[PDB]
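Quick note, the sequences are listed as chains E, A, B, C and D, same order.
Residue numbers for the first sequence follow the authors' numbering, so the first one is 1 and each next one is one higher.
Residue numbers for the second sequence follow the authors' numbering, so the first one is 2 and each next one is one higher.
Residue numbers for the third sequence follow the authors' numbering, so the first one is 1 and each next one is one higher.
Residue numbers for the fourth sequence follow the authors' numbering, so the first one is 1 and each next one is one higher.
Residue numbers for the fifth sequence follow the authors' numbering, so the first one is 1 and each next one is one higher.
Beta carbons are placed, not taken as given, at the ideal position from N, Cα and C, and that holds for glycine.
Heads up, the thing below is written out as structure tokens.
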Amino acid sequence: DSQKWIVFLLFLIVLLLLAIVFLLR
Amino acid sequence: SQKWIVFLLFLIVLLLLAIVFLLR
Amino acid sequence: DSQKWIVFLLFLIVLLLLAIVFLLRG
Amino acid sequence: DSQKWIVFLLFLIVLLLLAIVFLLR
Amino acid sequence: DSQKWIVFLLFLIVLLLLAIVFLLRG
Ligand SMILES: CCCCCCCCOCCOCCOCCOCCO
Ligand SMILES: CCCCCCCCOCCOCCOCCOCCO
Numbered sequence: 001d002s003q004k005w006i007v008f009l010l011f012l013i014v015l016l017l018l019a020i021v022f023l024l025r
Numbered sequence: 002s003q004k005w006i007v008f009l010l011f012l013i014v015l016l017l018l019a020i021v022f023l024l025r
Numbered sequence: 001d002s003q004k005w006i007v008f009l010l011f012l013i014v015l016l017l018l019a020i021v022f023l024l025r026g
Numbered sequence: 001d002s003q004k005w006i007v008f009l010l011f012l013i014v015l016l017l018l019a020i021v022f023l024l025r
Numbered sequence: 001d002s003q004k005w006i007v008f009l010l011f012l013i014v015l016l017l018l019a020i021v022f023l024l025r026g
């Protein structure tokens, strides 16, 4: 399912943004 | 799936706004 | 439908990334 | 078509992220 | 299809964010 992969990639993007915020803070 | 995408995009917007505040 | 919501959120993301680019430049 | 606009916005996001990477590199 | 383009662009975004994290750590 393409939607499942889209959701998984968005979750990965959320994790990467969290890591970026932690690095900046 | 649409609700998941909307919720994750809202989280992304929140995190990007936090990054913008951190830069400034 | 949620498609308009997704489009609006992505537009907000584009604006935020533009702001990030502007802050990085100056 | 909303899918076309979603793809267009994602492409703009990719270009902006590439510009950010170039600025930070 | 449009779904394939969305998946490909999200994968590119993931790669770019990974590069950003690598730069921040480096
Ligand atoms: C849609 C934007 C294009 C995506 C960026 C890819 C190309 C980035 O390279 C641009 C080359 O221009 C040279 C930049 O000048 C040196 C960088 O520092 C100047 C900023 O103050
Ligand atoms: C759609 C693009 C997805 C691929 C991105 C993966 C990372 C490759 O992009 C690197 C961008 O950086 C540009 C060149 O790197 C900096 C070179 O100058 C630094 C010292 O010379």
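Beta-carbon separation (whole angstroms), residue i vs residue j, contact threshold 8 Å
i                 : j                 : result
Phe-11 of chain B : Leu-9 of chain C  : 6 Å
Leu-17 of chain C : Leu-16 of chain D : 4 Å
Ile-20 of chain E : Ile-20 of chain A : 7 Å
Any non-hydrogen atom of ligand 1 within 8 Å of residue i CB
i                 : result
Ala-19 of chain C : yes
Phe-22 of chain B : no
heavy atom of ligand 2 below 8 Å from residue i C-beta
i                 : result
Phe-11 of chain B : no
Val-14 of chain C : yes
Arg-25 of chain C : yes
Sequence-distant residues of its chain with Cβ nearer than 7 Å to residue i (five each side left out)
i                 : result
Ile-6 of chain B  : none
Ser-2 of chain D  : none
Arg-25 of chain D : none
ask   = Any residues in the stretch 2-16 of chain A with a beta carbon nearer than 8 Å to a beta carbon of chain E? Which ones, in chain order?
value = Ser-2, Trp-5, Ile-6, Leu-9, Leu-10, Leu-12, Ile-13 and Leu-16
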